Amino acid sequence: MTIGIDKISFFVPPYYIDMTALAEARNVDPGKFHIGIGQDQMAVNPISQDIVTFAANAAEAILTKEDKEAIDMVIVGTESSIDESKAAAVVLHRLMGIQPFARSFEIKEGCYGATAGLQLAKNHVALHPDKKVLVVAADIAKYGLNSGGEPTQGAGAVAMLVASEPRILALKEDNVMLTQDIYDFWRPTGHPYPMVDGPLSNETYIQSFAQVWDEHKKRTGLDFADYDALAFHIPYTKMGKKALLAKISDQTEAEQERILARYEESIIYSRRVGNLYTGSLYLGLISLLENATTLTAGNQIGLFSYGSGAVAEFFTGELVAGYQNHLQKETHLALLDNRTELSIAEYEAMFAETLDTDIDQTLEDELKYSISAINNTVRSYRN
């Protein structure tokens, strides 16, 4: 029996800034971000939108009444939490109207959290084939105006329905995970912004893929030629390409050309969004499913999940026959094309705004599931 991703969708805020405009405002070459880090449009969100906002919208796009009765576990992977004790998943459980006899919790481990959720959800369903699990990656990647990380920013969420007989991707039992205590990226309690060791982040990501790929190759004998496509967690596109290039150098020219073309297809959506942290790898999966025209049922997709901190995992999924009829291509393109482009002034004003949770107030925002009020630090969501 198969178990995997039955439905998957992503949500990004209704705003973005063009990277040419950002480069101009930052007094650097207009094309520096397009050809350097490989990013074109950056998702931006106002203080009236948080991980619950994104998670609720992403999940709403895929849940039916039947799903809500069958789901008995809700997992949110994030490193952008809004509470140190109460899981964002509990609020998501309420907003989605999922049946009450369910377990809900938040998983945290850099940009790896949602992957942990997907694997545990898979086990759960393997053991209870009649039950389903909702796993959502939700995060807001902010580094600060005029900062080094600024151009790699992003915000959004990716929701996944895990179930038996999945209609999209059947997960294999070939997982290879790795844990190494490295301070490449972290965020001490109470730091609104992350601590980043640039050189170490770059090195650890590249070497993480190599380590996990090598061990996986040893255990399975599967090589690049056995993979129809690869989805990567990426802080920005150039990074995944560098990690990939460093490992496929001994492959034939045709194979290298094939692997890099799939990679380009996997980052089509990412170039218009930015870093989603826990949701980046999965945004790449979605891009591959809706944009890669040569993929077909039976193909093998390798997924490299990276988590700063650091924890990494390589695993495989097989495309299910008929999967092309269960995607959200139109909803997704609409979501991206319908965003309001911000001027750099409008963007900086929105980014600098801060939510003081200690102040009782009301917030106005048309987006469904956005913060409507704060009372004694408690958030209300408009739905």
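Residue indices: 1-based, along the sequence shown.
The PDB entry reports B-factors from which the mean C-alpha value can be compared for 102-110 and 240-248; the larger average falls on 240-248. Relative to its counterpart among 36-44 and 352-360, 352-360 has the higher mean temperature factor, C-alpha atoms as listed in the PDB entry. Across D139, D83, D226, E257, the greatest Cα temperature factor reported in the deposited entry is at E257. Ranked against the other modelled residues of its chain, the C-alpha B-factor of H216 as given in the entry falls in the middle third. In this PDB entry, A59 carries a Cα temperature factor that places it within the lowest third of its chain's modelled residues. Looking at the C-alpha B-factors along this chain, the one for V378 belongs to the middle third. Sorting the modelled residues of the chain by their CA temperature factor places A70 in the middle third. In the deposited entry, the Cα temperature factor of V12 sits in the bottom third of values across the chain's modelled residues.
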